[PDB]
Each structure stands twice: as structure tokens, then as C-alpha cells.
Amino acid sequence: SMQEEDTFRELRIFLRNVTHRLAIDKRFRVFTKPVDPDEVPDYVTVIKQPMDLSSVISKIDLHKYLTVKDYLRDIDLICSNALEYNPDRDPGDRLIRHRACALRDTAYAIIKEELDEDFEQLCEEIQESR
Ligand SMILES: Cc1noc(C)c1-c1cc(NS(=O)(=O)c2ccccc2)cc(C(=O)O)c1
Ligand SMILES: [Cl-]
């Protein structure tokens with residue numbers, strides 16, 4: 001219906017706002033664009049599903065997220081990809097892992113404080129009826 005389309009549009013608006021906030025955070029700069037193959041040529045061979053905050057914005061705009069759970073799965077992937085690609089004890093790896101975990105924690109904390117559980121439940125019920 002028009003009402004259900006209104007619900008998903010509201011979800012997109014909310015998700016764009018959360019993502020923009022995460023994108024303007026200086027700690028998360030390395031996650032704002034896809035990993036450049038000039039800079040990291042073996043990335044695409046090790047990491048099977050690259051994800052970054054610009055791609056998340058693209059996916060919002062393409063109507064790919066119908067629930068906040070589907071969005072958080074992509075935030076989770078940004079984090080897991082960083083942990084997988086940068087697993088060593090050296091400080092460069094530790095720094096990017098800390099930032100990855102902070103990105104994930106920040107997104108979850110924003111959602112916990114600002115997303116009404118009944119709104120998420122409505123989105124899930126519309127999605128499941130599709
Ligand atoms: C992300 C990521 N995952 O594994 C690694 C390793 C990184 C990563 C990638 C880059 N270079 S980049 O071209 O792909 C880029 C620059 C600016 C914004 C977004 C991406 C730099 C660094 C860094 O710490 O400076 C880290
Ligand atoms: Cl830095």
C-alpha cells in the first residue's frame with residue numbers, strides 16, 4: 001500500500017541519517033569508500049563481499065534494506081571484513097580493528113537509543129508479507 005511505502009521511506013530516511021553520522025566521524029574515514037585496488041591490490045581476492053559506508057548509502061537509495069536488521073548485517077560486514085583482512089598484532093592492524101569494532105558499536109548504540117522497536121517490528125512484518 002501507500003502506507004507501507006511510507007514506512008519504508010521513513011526507514012530509508014532514518015538509515016541515511018545514521019550512516020551520515022558514522023561517515024562524518026574521523027575514526028571511520030577508512031570505511032567511507034570502497035578499498036582502492038591501487039592501494040590494496042590483493043583486497044578483492046581475500047575479501048569476498050567488500051562493504052563500505054558509501055555502498056551502504058547506495059543500497060539504501062536502491063531500496064535494498066527493508067529492515068534495520070538487514071542494514072546492521074552490512075555494518076557487521078564492514079567490521080568482519082576489517083577483522084579478517086587485518087588480523088595481526090601489529091599496531092596498524094590493531095588500530096583498524098579497534099576502529100571497525102567502534103563503527104559497529106556506534107551503529108548499534110545509535111539504533112538502540114533512537115529506533116522504536118515497534119517501528120522495526122512493523123518493517124519486519126511488511127517484509128515477511130512480501
Ligand atoms: C578499510 C581497510 N581495510 O583493510 C585495509 C588495509 C583498509 C585500508 C585501506 C586504505 N586505503 S583506501 O584506498 O582503500 C581508502 C582511503 C580512504 C578512504 C577509504 C579507503 C587505507 C587504510 C588506512 O588505515 O589508512 C586502510
Ligand atoms: Cl590514522
# chains A, B, ... in the order shown; residues from 1 in each chain; ligands from 1
$ residues_near_ligand --ligand "ligand 2" --cutoff "12 Å" --atoms "only C-alpha atoms and all ligand atoms" --output "compact mmCIF listing (two decimals) with N, CA and C atoms, in the first residue's frame"
# COMPACT_ATOMS: atom_id res chain seq x y z
N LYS A 26 35.63 11.07 12.29
CA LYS A 26 37.01 10.93 11.78
C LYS A 26 37.63 9.55 11.98
N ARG A 27 37.22 8.83 13.02
CA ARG A 27 37.71 7.46 13.28
C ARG A 27 37.36 6.49 12.17
N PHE A 28 36.28 6.80 11.44
CA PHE A 28 35.71 5.87 10.47
C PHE A 28 36.01 6.24 9.03
N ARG A 29 36.93 7.18 8.83
CA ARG A 29 37.30 7.61 7.47
C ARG A 29 37.68 6.45 6.53
N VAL A 30 38.40 5.45 7.04
CA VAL A 30 38.86 4.36 6.21
C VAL A 30 37.71 3.48 5.71
N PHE A 31 36.54 3.63 6.32
CA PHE A 31 35.37 2.83 5.95
C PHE A 31 34.41 3.59 5.06
N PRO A 91 50.58 -2.70 15.22
CA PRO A 91 49.71 -1.57 15.57
C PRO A 91 48.77 -1.09 14.45
N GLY A 92 49.20 -1.16 13.20
CA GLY A 92 48.35 -0.75 12.07
C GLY A 92 47.09 -1.61 12.01
N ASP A 93 47.25 -2.92 12.19
CA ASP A 93 46.12 -3.85 12.20
C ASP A 93 45.26 -3.65 13.43
N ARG A 94 45.88 -3.45 14.59
CA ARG A 94 45.14 -3.29 15.82
C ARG A 94 44.27 -2.01 15.76
N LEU A 95 44.81 -0.96 15.16
CA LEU A 95 44.13 0.32 15.06
C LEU A 95 42.88 0.15 14.17
N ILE A 96 43.05 -0.46 13.00
CA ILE A 96 41.89 -0.61 12.12
C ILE A 96 40.85 -1.55 12.74
N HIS A 98 40.26 -1.87 15.98
CA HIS A 98 39.59 -1.10 17.03
C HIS A 98 38.53 -0.18 16.41
N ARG A 99 38.89 0.45 15.29
CA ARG A 99 38.01 1.42 14.61
C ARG A 99 36.81 0.68 14.02
$ residues_around --residues "residue 18 of chain A" --least-positions-apart "2" --cutoff "12 Å" --atoms "only C-alpha atoms" --output "ChimeraX atom specification"
/A:11-16,20-25,53,56-57,60,68,71-72,75,103-104,106-115
$ residues_near_ligand --ligand "ligand 1" --cutoff "9 Å" --atoms "only C-alpha atoms and all ligand atoms" --output "list in words"
residues 28, 29, 30, 31, 32, 33, 34, 35, 36, 37, 38, 39, 40, 43, 52, 78, 81, 82, 83, 84, 85, 86, 92, 93, 95, 96, 97 and 100 of chain A
$ write_last_selection --atoms "N, CA, C and O atoms" --output "mmCIF file, in the first residue's frame"
data_model
loop_
_atom_site.group_PDB
_atom_site.id
_atom_site.type_symbol
_atom_site.label_atom_id
_atom_site.label_comp_id
_atom_site.auth_asym_id
_atom_site.auth_seq_id
_atom_site.Cartn_x
_atom_site.Cartn_y
_atom_site.Cartn_z
ATOM 1 N N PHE A 28 36.278 6.800 11.439
ATOM 2 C CA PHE A 28 35.709 5.872 10.468
ATOM 3 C C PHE A 28 36.011 6.239 9.028
ATOM 4 O O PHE A 28 35.492 5.614 8.097
ATOM 5 N N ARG A 29 36.933 7.181 8.829
ATOM 6 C CA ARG A 29 37.299 7.607 7.469
ATOM 7 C C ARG A 29 37.676 6.446 6.534
ATOM 8 O O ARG A 29 37.281 6.441 5.374
ATOM 9 N N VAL A 30 38.397 5.447 7.041
ATOM 10 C CA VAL A 30 38.860 4.364 6.208
ATOM 11 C C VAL A 30 37.712 3.480 5.707
ATOM 12 O O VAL A 30 37.903 2.693 4.797
ATOM 13 N N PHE A 31 36.542 3.632 6.325
ATOM 14 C CA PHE A 31 35.372 2.827 5.951
ATOM 15 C C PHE A 31 34.409 3.594 5.061
ATOM 16 O O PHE A 31 33.322 3.085 4.763
ATOM 17 N N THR A 32 34.761 4.803 4.642
ATOM 18 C CA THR A 32 33.796 5.687 3.967
ATOM 19 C C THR A 32 33.685 5.418 2.461
ATOM 20 O O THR A 32 32.725 5.857 1.834
ATOM 21 N N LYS A 33 34.665 4.720 1.894
ATOM 22 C CA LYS A 33 34.723 4.459 0.447
ATOM 23 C C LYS A 33 35.206 3.035 0.253
ATOM 24 O O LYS A 33 35.837 2.469 1.144
ATOM 25 N N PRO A 34 34.920 2.434 -0.912
ATOM 26 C CA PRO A 34 35.464 1.104 -1.129
ATOM 27 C C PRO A 34 37.011 1.103 -1.123
ATOM 28 O O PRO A 34 37.638 2.095 -1.473
ATOM 29 N N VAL A 35 37.587 0.006 -0.657
ATOM 30 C CA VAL A 35 39.036 -0.174 -0.637
ATOM 31 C C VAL A 35 39.555 -0.062 -2.075
ATOM 32 O O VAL A 35 39.038 -0.729 -2.971
ATOM 33 N N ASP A 36 40.534 0.812 -2.288
ATOM 34 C CA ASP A 36 41.093 1.071 -3.623
ATOM 35 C C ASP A 36 42.113 -0.031 -3.988
ATOM 36 O O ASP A 36 43.041 -0.271 -3.208
ATOM 37 N N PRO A 37 41.939 -0.708 -5.154
ATOM 38 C CA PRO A 37 42.883 -1.776 -5.571
ATOM 39 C C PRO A 37 44.298 -1.281 -5.893
ATOM 40 O O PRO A 37 45.246 -2.061 -5.811
ATOM 41 N N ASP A 38 44.433 -0.007 -6.258
ATOM 42 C CA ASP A 38 45.748 0.621 -6.380
ATOM 43 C C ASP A 38 46.449 0.568 -5.034
ATOM 44 O O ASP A 38 47.623 0.200 -4.948
ATOM 45 N N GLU A 39 45.716 0.917 -3.983
ATOM 46 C CA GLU A 39 46.280 0.966 -2.640
ATOM 47 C C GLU A 39 46.410 -0.408 -1.975
ATOM 48 O O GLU A 39 47.319 -0.608 -1.175
ATOM 49 N N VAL A 40 45.499 -1.335 -2.279
ATOM 50 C CA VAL A 40 45.445 -2.643 -1.604
ATOM 51 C C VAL A 40 45.053 -3.685 -2.662
ATOM 52 O O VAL A 40 43.911 -4.168 -2.695
ATOM 53 N N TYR A 43 43.107 -7.045 -2.061
ATOM 54 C CA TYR A 43 41.922 -6.982 -1.179
ATOM 55 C C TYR A 43 40.803 -7.879 -1.695
ATOM 56 O O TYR A 43 40.320 -8.758 -0.974
ATOM 57 N N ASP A 52 31.367 -0.877 2.487
ATOM 58 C CA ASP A 52 31.811 0.406 2.982
ATOM 59 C C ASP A 52 30.590 1.321 3.102
ATOM 60 O O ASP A 52 29.510 1.022 2.565
ATOM 61 N N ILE A 78 31.169 -4.731 7.235
ATOM 62 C CA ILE A 78 32.270 -3.755 7.242
ATOM 63 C C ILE A 78 33.244 -4.150 8.367
ATOM 64 O O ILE A 78 34.476 -4.232 8.151
ATOM 65 N N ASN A 81 34.998 -7.792 7.780
ATOM 66 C CA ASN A 81 35.968 -7.730 6.689
ATOM 67 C C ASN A 81 37.290 -7.101 7.215
ATOM 68 O O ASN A 81 38.385 -7.547 6.877
ATOM 69 N N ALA A 82 37.156 -6.063 8.039
ATOM 70 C CA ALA A 82 38.355 -5.393 8.588
ATOM 71 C C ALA A 82 39.109 -6.340 9.532
ATOM 72 O O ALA A 82 40.352 -6.389 9.498
ATOM 73 N N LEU A 83 38.379 -7.078 10.363
ATOM 74 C CA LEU A 83 38.980 -8.056 11.272
ATOM 75 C C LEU A 83 39.661 -9.192 10.509
ATOM 76 O O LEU A 83 40.715 -9.675 10.908
ATOM 77 N N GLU A 84 39.052 -9.612 9.406
ATOM 78 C CA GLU A 84 39.600 -10.711 8.618
ATOM 79 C C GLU A 84 40.815 -10.267 7.835
ATOM 80 O O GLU A 84 41.806 -10.983 7.792
ATOM 81 N N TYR A 85 40.764 -9.104 7.224
ATOM 82 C CA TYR A 85 41.869 -8.653 6.416
ATOM 83 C C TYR A 85 43.067 -8.143 7.245
ATOM 84 O O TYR A 85 44.186 -8.100 6.734
ATOM 85 N N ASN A 86 42.832 -7.781 8.506
ATOM 86 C CA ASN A 86 43.865 -7.135 9.336
ATOM 87 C C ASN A 86 43.945 -7.838 10.669
ATOM 88 O O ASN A 86 43.656 -7.264 11.693
ATOM 89 N N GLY A 92 49.201 -1.155 13.197
ATOM 90 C CA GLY A 92 48.346 -0.752 12.075
ATOM 91 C C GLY A 92 47.088 -1.614 12.013
ATOM 92 O O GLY A 92 45.987 -1.085 11.823
ATOM 93 N N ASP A 93 47.250 -2.923 12.188
ATOM 94 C CA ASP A 93 46.121 -3.855 12.201
ATOM 95 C C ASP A 93 45.256 -3.647 13.435
ATOM 96 O O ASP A 93 44.024 -3.632 13.347
ATOM 97 N N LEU A 95 44.813 -0.956 15.164
ATOM 98 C CA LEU A 95 44.134 0.323 15.060
ATOM 99 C C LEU A 95 42.882 0.155 14.165
ATOM 100 O O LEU A 95 41.774 0.570 14.554
ATOM 101 N N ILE A 96 43.053 -0.460 12.997
ATOM 102 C CA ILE A 96 41.893 -0.613 12.116
ATOM 103 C C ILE A 96 40.852 -1.554 12.741
ATOM 104 O O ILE A 96 39.612 -1.276 12.636
ATOM 105 N N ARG A 97 41.281 -2.615 13.419
ATOM 106 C CA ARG A 97 40.306 -3.472 14.134
ATOM 107 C C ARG A 97 39.547 -2.708 15.219
ATOM 108 O O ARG A 97 38.342 -2.898 15.399
ATOM 109 N N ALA A 100 37.057 -0.491 13.483
ATOM 110 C CA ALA A 100 35.978 -1.356 12.928
ATOM 111 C C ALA A 100 34.979 -1.715 13.998
ATOM 112 O O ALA A 100 33.754 -1.630 13.764
#
$ atom_distance --atom1 "atom CA of residue 120 of chain A" --atom2 "atom CA of residue 17 of chain A"
16.0 Å
$ atom_distance --atom1 "atom CA of residue 79 of chain A" --atom2 "atom CA of residue 66 of chain A"
21.0 Å
$ select_by_dssp --residues "segment 85-126 of chain A" --states "helix (DSSP H, G or I)" --output "PyMOL selection string"
chain A and resi 85+91-114+117-126
$ closest_residue --among "A:77, A:102, A:122, A:2" --to "residue 55 of chain A" --atoms "only C-alpha atoms"
A:77
$ residues_around --residues "residue 130 of chain A" --least-positions-apart "3" --cutoff "12 Å" --atoms "only C-alpha atoms" --output "PDB file with C-alpha atoms, in the first residue's frame"
ATOM      1  CA  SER A   1       0.000   0.000   0.000  1.00  0.00           C
ATOM      2  CA  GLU A   4       3.692   0.530   3.654  1.00  0.00           C
ATOM      3  CA  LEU A  66      13.565  -3.223   4.279  1.00  0.00           C
ATOM      4  CA  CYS A 123       9.092  -3.165   8.891  1.00  0.00           C
ATOM      5  CA  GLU A 124       9.781  -6.864   9.555  1.00  0.00           C
ATOM      6  CA  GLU A 125       6.094  -7.741   9.259  1.00  0.00           C
ATOM      7  CA  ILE A 126       5.714  -5.839   5.960  1.00  0.00           C
ATOM      8  CA  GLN A 127       8.898  -7.538   4.608  1.00  0.00           C
TER       9      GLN A 127
END
$ atom_distance --atom1 "atom CA of residue 9 of chain A" --atom2 "atom CA of residue 59 of chain A"
13.2 Å
$ closest_residue --among "A:51, A:121, A:46, A:90" --to "residue 7 of chain A" --atoms "only C-alpha atoms"
A:121
